[PDB]
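FYI, the numbering just counts along the sequence from 1. What you see below is based on every heavy atom in this structure, not just the backbone, and it leaves out hydrogens, waters and symmetry mates. Just follow the structure's listing: the first ligand is 1, and inside any ligand the first atom is 1.
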Amino acid sequence: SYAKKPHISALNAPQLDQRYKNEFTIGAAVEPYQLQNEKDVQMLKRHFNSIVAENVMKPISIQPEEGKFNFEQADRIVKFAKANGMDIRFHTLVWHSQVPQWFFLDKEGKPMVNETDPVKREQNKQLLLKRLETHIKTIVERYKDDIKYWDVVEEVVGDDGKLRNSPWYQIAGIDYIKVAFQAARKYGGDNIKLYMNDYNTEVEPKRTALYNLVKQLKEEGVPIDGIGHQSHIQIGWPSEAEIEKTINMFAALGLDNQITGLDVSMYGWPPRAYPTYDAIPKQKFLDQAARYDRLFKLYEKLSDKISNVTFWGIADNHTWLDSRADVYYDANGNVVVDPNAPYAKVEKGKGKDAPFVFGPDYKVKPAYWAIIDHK
Ligand SMILES: [Cl-]
Ligand SMILES: [Cl-]
Ligand SMILES: [Zn+2]
Ligand SMILES: [Zn+2]
Ligand SMILES: [Zn+2]
Ligand SMILES: [Zn+2]
Ligand SMILES: [Zn+2]
Ligand SMILES: [Zn+2]
Ligand SMILES: [Zn+2]
């Protein structure tokens with residue numbers, strides 16, 4: 001929408017959070033170094049009223065060794081948010097990635113998953129659950145008065161619609177999920193809000209498996225307040241109709257919905273990326289703008305069911321999507337972006353994606369104009 005509109009500095013553009021302030025908060029995922037960068041700081045002050053850490057609140061960053069807690073980086077994000085009136089989300093208490101391996105070792109230092117004795121397996125389950133509770137207790141006791149929204153567990157349902165068979169699940173079963181939520185509620189009180197977080201929440205059979213899991217846990221009294229939808233999506237997929245059905249489905253259980261990691265990749269999956277930002281054709285940015293136009297129109301339609309929409313980054317100069325931006329080369333060394341075309345080699349994670357409404361020079365993209373207007 002409206003490529004007529006100019007590529008002005010985002011520091012001079014109408015504020016994104018103020019455009020949506022009655023519908024939902026507008027968030028950005030950050031690294032602490034960006035709080036020391038003048039442009040990123042001004043971007044956060046101008047456009048965003050919610051914040052989340054893309055990495056430094058993950059388990060391995062918080063307690064990389066048992067009893068060694070590193071809150072210095074998380075503290076910096078919390079302090080910045082409080083100074084600028086931003087909501088904070090905690091990402092994430094429990095996850096099968098970026099998770100220190102000391103969690104899953106028995107008292108003799110061996111992997112708990114290897115244990116065959118059922119009496120010892122049960123001892124390992126209780127030990128793991130105690131470590132889990134202490135990790136959550138220490139974090140929530142420090143942050144309960146500052147951080148309102150909590151991703152308690154992340155990606156606990158596999159894409160095959162079964163519970164993901166992580167060490168958490170192999171060792172403790174489903175109880176690691178119940179213990180995580182119960183611990184957060186106990187040490188954090190009734191005022192913090194507890195989410196189950198996942199990607200591809202729109203996609204069956206994962207969607208209904210997540211639905212069934214949360215419905216059953218709440219029937220058993222496990223405190224779950226909402227669903228965190230990562231929304232790492234594409235220009236075409238998933239369809240707005242399927243996003244809408246997903247949001248409505250979870251809202252019917254009385255759950256809040258938060259969009260916690262929104263980015264609109266320029267590519268399919270697996271991605272065949274352009275090697276640089278400059279190689280991306282203008283038309284892709286128009287396609288992305290029209291997708292963003294439909295997407296935020298749908299979010300507004302559903303604003304009574306969505307409290308927050310967070311982008312997984314600030315501007316196109318920095319996005320975890322670049323780690324997936326594989327560049328394919330044919331035999332003559334030219335770039336291949338057609339998903340079915342011949343190619344000879346791939347350079348994994350060497351290309352550039354362009355997923356946000358702000359460009360890498362901090363000027364607004366057509367996608368920005370598409371979502372700042374009221375059409
Ligand atoms: Cl309004
Ligand atoms: Cl990143
Ligand atoms: Zn308005
Ligand atoms: Zn309104
Ligand atoms: Zn603001
Ligand atoms: Zn995550
Ligand atoms: Zn990053
Ligand atoms: Zn629009
Ligand atoms: Zn307006």
- Does a salt bridge link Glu240 with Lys297, judged by any charged N lying under 4.0 Å from a carboxylate O? no

- Message: Taking backbone and side chain together, does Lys375 place any N/O/S atom at a distance below 2.8 Å from the Zn ion (ligand 8)?
- Response: yes

- Message: So, of the N/O/S atoms that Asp293 has, which is the nearest one to the Zn ion (ligand 8)?
- Response: OD1

- Query: Within the stated cut-off of 2.8 Å, is an N/O/S atom of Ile372 closer than that to the Zn ion (ligand 8)?
  - Reply: no

- Message: If you consider just the N/O/S atoms, which atom of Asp373 is the closest one to the Zn ion (ligand 8)?
- Response: OD1

- Message: Whether the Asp338 and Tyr343 side chains hold a donor-acceptor pair (N or O, under 3.5 Å, no angle test) is what I'd like checked.
- Response: no

- Determine, for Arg89 against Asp151, whether the closest basic-nitrogen to carboxylate-oxygen distance falls under 4.0 angstrom. yes

- Message: Both conditions, 6.0 Å and 45 degrees, for the charged tip of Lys193 above the ring of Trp150: are they met here?
- Response: no

